[PDB]
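Coordinate inspection notes
As a plain string of letters, each chain reads:
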Amino acid sequence: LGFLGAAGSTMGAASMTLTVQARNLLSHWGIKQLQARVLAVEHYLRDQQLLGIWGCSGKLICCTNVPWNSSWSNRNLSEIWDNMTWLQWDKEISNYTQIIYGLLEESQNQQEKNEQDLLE
Amino acid sequence: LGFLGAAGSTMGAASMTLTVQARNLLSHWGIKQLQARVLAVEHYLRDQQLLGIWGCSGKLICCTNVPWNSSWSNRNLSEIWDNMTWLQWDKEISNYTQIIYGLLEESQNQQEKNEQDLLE
Amino acid sequence: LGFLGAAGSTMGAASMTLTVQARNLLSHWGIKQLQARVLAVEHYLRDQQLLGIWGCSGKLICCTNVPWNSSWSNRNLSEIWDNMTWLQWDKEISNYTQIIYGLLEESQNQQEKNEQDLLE
Amino acid sequence: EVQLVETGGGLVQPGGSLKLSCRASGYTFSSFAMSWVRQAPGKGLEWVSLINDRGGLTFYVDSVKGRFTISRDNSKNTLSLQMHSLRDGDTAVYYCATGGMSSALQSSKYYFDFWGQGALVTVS
Amino acid sequence: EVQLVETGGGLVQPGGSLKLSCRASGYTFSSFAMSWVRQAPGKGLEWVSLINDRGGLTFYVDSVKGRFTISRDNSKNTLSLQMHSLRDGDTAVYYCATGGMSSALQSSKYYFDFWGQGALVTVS
Amino acid sequence: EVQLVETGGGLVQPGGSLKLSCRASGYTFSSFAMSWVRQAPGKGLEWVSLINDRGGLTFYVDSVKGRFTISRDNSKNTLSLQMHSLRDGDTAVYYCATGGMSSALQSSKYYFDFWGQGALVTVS
Amino acid sequence: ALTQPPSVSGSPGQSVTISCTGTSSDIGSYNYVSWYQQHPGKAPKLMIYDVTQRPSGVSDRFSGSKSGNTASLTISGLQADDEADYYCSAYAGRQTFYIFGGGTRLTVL
Amino acid sequence: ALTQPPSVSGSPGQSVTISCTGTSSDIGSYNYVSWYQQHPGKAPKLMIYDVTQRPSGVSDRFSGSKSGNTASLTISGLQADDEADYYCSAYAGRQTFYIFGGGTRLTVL
Amino acid sequence: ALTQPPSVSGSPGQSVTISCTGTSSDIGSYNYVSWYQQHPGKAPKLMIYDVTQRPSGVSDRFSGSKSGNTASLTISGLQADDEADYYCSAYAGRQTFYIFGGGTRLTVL
Ligand SMILES: *[C@@H]1O[C@H](CO[C@@H]2O[C@@H](C)[C@@H](O)[C@@H](O)[C@@H]2O)[C@@H](O)[C@H](O)[C@H]1NC(C)=O
Ligand SMILES: *[C@@H]1O[C@H](CO[C@@H]2O[C@@H](C)[C@@H](O)[C@@H](O)[C@@H]2O)[C@@H](O)[C@H](O)[C@H]1NC(C)=O
Ligand SMILES: *[C@@H]1O[C@H](CO[C@@H]2O[C@@H](C)[C@@H](O)[C@@H](O)[C@@H]2O)[C@@H](O)[C@H](O)[C@H]1NC(C)=O
Ligand SMILES: *[C@@H]1O[C@H](CO[C@@H]2O[C@@H](C)[C@@H](O)[C@@H](O)[C@@H]2O)[C@@H](O)[C@H](O)[C@H]1NC(C)=O
Ligand SMILES: *[C@@H]1O[C@H](CO[C@@H]2O[C@@H](C)[C@@H](O)[C@@H](O)[C@@H]2O)[C@@H](O)[C@H](O)[C@H]1NC(C)=O
Ligand SMILES: *[C@@H]1O[C@H](CO[C@@H]2O[C@@H](C)[C@H](O)[C@@H](O)[C@@H]2O)[C@@H](O)[C@H](O)[C@H]1NC(C)=O
Ligand SMILES: *[C@@H]1O[C@H](CO)[C@@H](O)[C@H](O)[C@H]1NC(C)=O
Ligand SMILES: *[C@@H]1O[C@H](CO)[C@@H](O)[C@H](O)[C@H]1NC(C)=O
Ligand SMILES: *[C@@H]1O[C@H](CO)[C@@H](O)[C@H](O)[C@H]1NC(C)=O
Ligand SMILES: *[C@@H]1O[C@H](CO)[C@@H](O)[C@H](O)[C@H]1NC(C)=O
Ligand SMILES: *[C@@H]1O[C@H](CO)[C@@H](O)[C@H](O)[C@H]1NC(C)=O
Ligand SMILES: *[C@@H]1O[C@H](CO)[C@@H](O)[C@H](O)[C@H]1NC(C)=O
Ligand SMILES: *[C@@H]1O[C@H](CO)[C@@H](O)[C@H](O)[C@H]1NC(C)=O
Ligand SMILES: *[C@@H]1O[C@H](CO)[C@@H](O)[C@H](O)[C@H]1NC(C)=O
Ligand SMILES: *[C@@H]1O[C@H](CO)[C@@H](O)[C@H](O)[C@H]1NC(C)=O
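Let us look at the structure shown here. (Residues numbered from 1 in each chain as written, not as in the entry; some residues may be left out. Chains lettered and ligands numbered in written order. Part of a larger assembly, values for the part shown. Heavy atoms only, no water. Residues with missing side-chain atoms left out of burial classes, pairs and counts.)

1. Looking at the interface of chain D and chain G
The condition is simple: Pairs of residues are marked as contacts when any of their non-hydrogen atoms sit within 4.5 Å. Here, a salt bridge means any side-chain nitrogen of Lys or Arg that lies within 4 Å of a carboxyl oxygen of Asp or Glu. Secondary structure is summarised from DSSP: a helix means a run of H or I of at least four residues, a strand means a run of E of at least two, and numbering begins at the N terminus for each. Under the scheme applied here, ten amino acids are nonpolar (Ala, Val, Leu, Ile, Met, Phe, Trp, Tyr, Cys and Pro), four are charged (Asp, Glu, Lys and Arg), and all others, including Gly, are polar.
With 21 residues of chain D at the interface, the matching set in chain G holds 16 residues. Taken together, chain D and chain G are joined by zero salt bridges. Considering each element in turn, the side of chain D that touches chain G owes the most residues, four residues, to strand β5 (residues 45–51) of chain D. Here the residues of the side of chain D that touches chain G sort into eleven nonpolar, six polar and four charged.

Structure, rendered in structure tokens:
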């Protein structure tokens, strides 16, 4: 039930502890420690900026409009969510991640523009 | 009308100056000043992260689905909002702070799952 | 198509590269470099706080309820969006920035209060 | 003593317009939501419109939604109603009343505490 | 073998209330959405209500929308339905069924996999 | 000179399908929203559907809402309409028109600037 | 909208009850019921609110209650001075904020 | 949807007015009224838009105006060649984007 | 809601087809069509789901299909044991989750 306690659990179970991990991301001699704190903050902010760009700001679970490609992974839902851990999943789809991120960004830009037109 | 000017006013009046205080949270010799600045940033981010977890991201006033327990405080609305300052209020219920925060987190996690299912 | 590539294009074109610029805002000898990094973070956070105050958190394009005053600029939309760049526009209205920001803040304060009453 | 005094109009032709207003005293005007309640000469009471204490939120009975505007001026302790298109069916006494809504940090209402005397509006 | 067993009520007067319950066994109760399907003595099947496996989301057919409550208890493997105002038109066999929905990370359902035998509810 | 040329279908049977297309030239196709306007043989004009300049947003009149699809290809300067279930009531001239909407950073429209000649669609 | 009877009556000293029946998404859902007393030619006065409460300024001879979709007003030590048209109203949600019944002409015998 | 008359007429040199009456959540709410001129057998041409404007390409003999829920088209120096079916239309909100009247047959005498 | 015929019949060994016609915002939009078999006095059994699938536990004599707004159930080597009321149902969106037809009484001759 503590930090990373669900790391060995399946994805569908581990997904219920998202706040456990999110809260553990924030908190010459003494400079290397000062540098570490600054770096940790910059890392954190980049992930938050990215969620913002994709339209997922403020939430831990975000549904999008980008379809899943079978070429990234052709496993079915039971096969994934009730069989694999997140560490295993992350390794399986690592090559195809920077493709997915690009698609999420493009999708949000189109959505924001459409919303703006609908408000004329 | 400046920072903390409303500190001695009642809760129902002070609540109209929330932007005044929010804007005053952000901005070897010289090191202790960097440490203070870095810590001020980390403090700020932890509060923002917490609002995110509770589903209050991006707003100064946020309603939730957690009912108020009469055991935390049994005062009625006039006692709390027409008179009573925020300093007094915080002291009155400081012992229930963690209970309330825990409830808010649980509520949002359930809300996210219900929303995800309603979109599938 | 890269960072600031659209700087010489008109506003109606440049508005489509907002994610290009947003992602380039984040990332004794060595101390002055930390000062620059800490400061860059604080700058970033102040802009995000301001968008939050105005009710534009999490989005790159945000519509508001503040009407445009012809005294700030009396140019029409086909002139501004099609025959002017953002650098030119920024100079044209640099004297009204603080007025506009004040109005946006006031508008959101009223919007939050109205929503709170509707949820009663 | 709380008073609400209508200082409204009289006899008007159908399809025209008529404005009502009400002055208040004896209480902080700005602390209460207000409403208009209508009573046709041979009928009971009908709710017509409701306005927030700050003037930002207004609600209408659907039968007048596209025809009536409700407003407020907290510096002049004045409630007002502007009616357009005046149907003959709108002949009634229009009462100024305090109550009908509250404001989140206040005890609830959902009833009317004070009434004025009522303006008689007649549409030919 | 999956078994759904209704243990319902009997004959009730119009305008009263009646509670049905269903006990389940032979499967992970908590993994499935459940619903109630009604069959009037002379008719076919009609969907009445649907509940999520976690008990958080409920859906109703409009005709009972303000009258029926569907609930769930995952610790007791129990599904329940509380009916109010019992119209004469509500006389039917009420079947406990597994299916009708699944949740996000699961493959889809949208059909019913298992049926109980049904409680008979009669309104006088 | 702006030209809109319909190259539509002909006579079809009820319940089937027919696809229309319109080729545009003389203006930047991508700068304008487009729509279809219908005229029954003995009637006036009726708006049927509207599509945004970028092709992402579409709007329909209720009478064809579940039956018609409007789409664009801005590389080929072509507007098209796919109609299904062809009601007899859909017999009309279908005109290709430019206008009906703007895109936020533009001056507004809400009127039609250009018309094609119209395809005749007949359903038996 | 709400149904309340005409012509409720009784002699001074006798109690009377004026009923008010609404619907489920009305009286049956919200405890925001009030009663008003209108003497002919005068503006209505509040007598009961929040189903059972009375404002300062009115007597304890007036008491509200409810069950199901029906609300009622009980008048105990009826006086000659109680002749009035009594009205019920209720909060009925955000789309249809308030509804009223017709008046009950209470006659004291 | 909109009402405009049939059989409008006058002799060359005489002005004519073609009215168009809609509703409040129509002409009464939005200033987006346009008029089109359709010669028999031809596609419609835009004559008036945004209530009072005319496009380049048309004469100044055509002028729009409105009051209340009624819009109108005035033709001044009426010509024999103005015979056409005139139509009014208006923006009517986001659920029902456009509505039209029937055609007005204008006959020049 | 859905229309399916009464009295479908045939002799043992003959195939039979039971049709189910719905609407566009029904069978024509969602591929979640299922069939149930109800012997009188018993709860219905699932025979077909997701238009063409069958659960483990039933024979391959039962095969579903669809086109347009019409679904159907085909039974091939008809048995005496197939006498039952067959019902079709379909997912019809989020406001009206499920609809059913009347029963088809299948008679074996
Ligand atoms: C998911 O697929 C199961 C069969 O999986 C097989 O082996 C894995 C490792 C992959 O190579 C896969 O493509 C193969 O088909 C089925 O038994 C199971 O029922 C399927 N589940 C769902 C929900 O479709
Ligand atoms: C309301 O509070 C009741 C009293 O328990 C006391 O207060 C809580 C918040 C804890 O601090 C506990 O240790 C104290 O003894 C609870 O029994 C009751 O369950 C609570 N109800 C709800 C709805 O929260
Ligand atoms: C709200 O409470 C006011 C004060 O009540 C008294 O003092 C408080 C601190 C408690 O000790 C309470 O038990 C006492 O009775 C009341 O005057 C006021 O009417 C109350 N508000 C409402 C709507 O009833
Ligand atoms: C619109 O602006 C008017 C003029 O304000 C003055 O000139 C502008 C350019 C600024 O320098 C400002 O600080 C000056 O006070 C106001 O009089 C008018 O109230 C404003 N508008 C609206 C729409 O309310
Ligand atoms: C936008 O304005 C263009 C130029 O108008 C003239 O110059 C500007 C800078 C102002 O001083 C203005 O008052 C002058 O008349 C027009 O050519 C163009 O048509 C206008 N756009 C629209 C949609 O009307
Ligand atoms: C789905 O994927 C198809 C093949 O995959 C493509 O090439 C591999 C090597 C990359 O890793 C993958 O990301 C590429 O997509 C594409 O041909 C097809 O266009 C893709 N479809 C959609 C909707 O994205
Ligand atoms: C580890 O795997 C076993 C099955 O071998 C399972 O029962 C247990 O719950 C799993 N532990 C966690 C943390 O998921
Ligand atoms: C994991 O996948 C295998 C594939 O052969 C399957 O047999 C097994 O049941 C799956 N386990 C879970 C928990 O889904
Ligand atoms: C990525 O591709 C390389 C190609 O050599 C492969 O070895 C590696 O396992 C892949 N990783 C995945 C599947 O994410
Ligand atoms: C301080 O209290 C007095 C009443 O004693 C009140 O009039 C005044 O407005 C209050 N000032 C502030 C800042 O709340
Ligand atoms: C606030 O008002 C109540 C009720 O009159 C009183 O009991 C309480 O002492 C007052 N407040 C404070 C903050 O001391
Ligand atoms: C908070 O807890 C401390 C320690 O038990 C106690 O002394 C104090 O009175 C409590 N405060 C309140 C408001 O209950
Ligand atoms: C620069 O101006 C030319 C016109 O002289 C235009 O074609 C070109 O697109 C402009 N550059 C950018 C980045 O828009
Ligand atoms: C600038 O205005 C002219 C008209 O004076 C117009 O032709 C041109 O298209 C406009 N510009 C741009 C850069 O799109
Ligand atoms: C802004 O104000 C200065 C005076 O401080 C003035 O000289 C300048 O022209 C103004 N800017 C514009 C675009 O008018």
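So much for the structure itself; the text now carries on.
2. Digging into the side chain of B:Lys113
How we decide: Here the term buried applies to any residue with accessible area under 20% of the maximum for its type, exposed to any over 50%, and partly exposed to those in between, with areas from a 1.4 Å probe on protein chains only. Counting rule applied: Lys, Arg positive; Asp, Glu negative; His and chain ends not counted.
Within the secondary structure, B:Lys113 sits in helix α6 (residues 97–118). For the buried B:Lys113, no salt bridge exists, and the shortest N-O distance to an oppositely charged side chain is 5.0 Å, to B:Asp117. The residues contacting B:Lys113, other than those within four sequence positions of it, are A:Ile61, E:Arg54 and E:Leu105.

3. Structural notes on the packing of helix α3 (residues 31–53) of chain A against helix α3 (residues 31–53) of chain C
For the record, the criterion: Convention adopted: a line fitted to C-alpha atoms gives each axis, helices being fitted over their contacting stretch, and angles between N-to-C directions are expressed from 0 to 180 degrees. When an angle is under 35 degrees it counts as roughly parallel; over 145 it counts as roughly antiparallel; between 65 and 115 it counts as roughly perpendicular; any other value is oblique. Take the far helix as the reference: if the near one is turned anticlockwise from it by less than a right angle, the crossing is left-handed, and if turned clockwise, right-handed.
The interhelical angle for the contact between α3(A) and α3(C), taken along N-to-C directions, is 30°, at an axis separation of 11 Å. Our classification of the angle between α3(A) and α3(C) gives roughly parallel. Crossing angle aside, the handedness with which α3(A) passes α3(C) is left-handed. Within the contact between the two elements, α3(A) uses A:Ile31, A:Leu34, A:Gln35, A:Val38, A:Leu39, A:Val41, A:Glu42, A:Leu45 and A:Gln49 and α3(C) uses C:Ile31, C:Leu34, C:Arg37, C:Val38, C:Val41, C:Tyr44 and C:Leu45. Tallied by class, residues from the contact of α3(A) with α3(C) come to twelve nonpolar, two polar and two charged.

4. A word on the interface of chain E and chain B
Often the size quoted for an interface is simply the accessible area lost on bringing the parts together. Counting residues at the interface gives nine residues for chain E, matched by six residues for chain B. Of the residues in the side of chain E that touches chain B, the class split is five nonpolar, three polar and one charged.

5. Section: the sheet that holds strand β3 (residues 17–25) of chain F
Residues and elements named next belong to chain F. Using the following cut-off: Paired strands are those between which DSSP finds at least two bridges.
As summarised here, the arrangement of the four strands in space is β1-β3-β8-β7, forming an open sheet in which the pairing is antiparallel. Edge strands, defined here as strands with exactly one partner in the open sheet, are β1 (3–6) and β7 (68–73). Adjacent strand axes in the sheet meet at a mean angle of 15° when their direction is disregarded. Across four bridges, β1 lies against β3 in antiparallel orientation. When the sheet's bridge partners are listed, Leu4 is paired in β3 with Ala24.

6. Quick word on the environment of D:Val93
Residue and element names in this part refer to chain D. Its place among the elements puts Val93 in strand β9 (residues 92–99). For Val93 and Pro41, which are 52 residues apart along the polypeptide, the C-alpha to C-alpha distance reads 7.2 Å. Apart from residues no more than four positions distant in its own chain, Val93 is found in contact with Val37, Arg38, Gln39, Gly118, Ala119 and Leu120.

7. Quick word on the environment of E:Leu20
Residue and element names in this part refer to chain E. Looking at the secondary structure, you find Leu20 in strand β3 (residues 17–25). By relative accessible area, which is 1% here, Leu20 ends up buried. Once the C-alpha coordinates of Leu20 and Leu81 are considered, the two residues, 61 residues apart in sequence, prove to be 5.2 Å apart. Look past the residues within four positions of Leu20 in its chain and what remains in contact with it is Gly8, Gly9, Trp36, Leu79, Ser80, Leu81, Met83, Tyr94, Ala119 and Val121.

8. So, the state of the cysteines
As a reminder, the rule being used: Any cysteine sulfur atom paired with another within 2.5 Å is treated as part of a disulfide.
Throughout the structure, instances matching the rule amount to nine disulfides over all chains. The partner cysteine of F:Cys22 in its disulfide is F:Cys96, sulfur to sulfur 2.0 Å. The sign of the -85° torsion about the S-S bond sets the F:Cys22-F:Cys96 disulfide as left-handed. Of this pair, F:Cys22 sits in strand β3 while F:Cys96 sits in strand β9 (residues 92–99), placing them 74 residues apart in sequence. Take F:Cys22 and F:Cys96: they sit in the same class, and that class is buried. I:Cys20 shares a disulfide with I:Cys88; S-S distance 2.0 Å. Measuring handedness by torsion sign, the sulfur bridge of I:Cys20 and I:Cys88 sits at about 75° and is right-handed.

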